[PDB]
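Residue strings, one per chain:
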Amino acid sequence: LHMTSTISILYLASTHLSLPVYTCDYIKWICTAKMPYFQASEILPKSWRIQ
DNA sequence: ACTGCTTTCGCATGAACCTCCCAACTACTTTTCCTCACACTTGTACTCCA
């Protein structure tokens, strides 16, 4: 598993739903730091992070 | 002989350190992750050369 994996299963849930959203509109949504792809560990877990 | 050098003494009672090991500040290894390029071999396409 890799942070690329949480994008891939998000893309399959959007193309089974048959949306006009793509990796053109995923790499623009993560490099602009909109959905928590970069530094997701630093902010989100807060208790599982230490272990 | 009287020499020297001892020595014992003192107003109540009240209060009146040295290595060594831990710290800061750096670097360099540690302890597991996911992500592909490379080297061949069978295969299908090529045009022969008599």
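Residues are labelled from 1 along each chain in written sequence order, independent of how the entry numbers them, and those without coordinates are excluded. All chains are assigned letters beginning at A, and all ligands numbers beginning at 1, according to the order in which they are written. As shown, the structure covers only some chains of a larger assembly, and all values describe those chains. Where side-chain values are given, they derive from all heavy atoms of the structure, hydrogens and water being excluded.

Looking at the method and resolution fields of the entry, one finds cryo-EM and 3 Å.

The name the PDB entry gives chain A is RNA polymerase I-specific transcription initiation factor RRN7, with Saccharomyces cerevisiae as the organism. Within the Protein Data Bank, this record goes by the title "RNA Polymerase I Open Complex conformation 2".

A. Focus on the side chain of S14. Tracing the chain through its elements places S14 in helix 1 (residues 5–15). With a 1.4 Å probe rolled over the protein chains alone, any residue whose accessible area is under 20% of its type maximum counts as buried; one over 50% counts as exposed, and the rest are partly exposed. Residue classification places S14 among the buried positions, given a relative accessible area of 4%. We count a stretch as a helix when DSSP gives it H or I for four or more residues in a row; a strand needs E for two or more, and each element gets its number in order from the N terminus.

B. Quick look at the protein's contact with DNA strand B. Taken together, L1, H2 and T4 make up all the residues around DNA strand B. Polar contacts, as used here, are pairs of N or O atoms within 3.5 Å; protein pairs need one atom able to donate a hydrogen and one able to accept it. Residues neighboring in sequence count only if both atoms are side-chain atoms. In the model, a phosphate oxygen of DNA strand B is placed 2.8 Å from a nitrogen or oxygen of the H2 side chain. For DNA strand B, a phosphate oxygen lies 2.9 Å from a polar atom in the side chain of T4. Working definition: residue near molecule or strand if any one of its non-hydrogen atoms lies within 4 Å of it.

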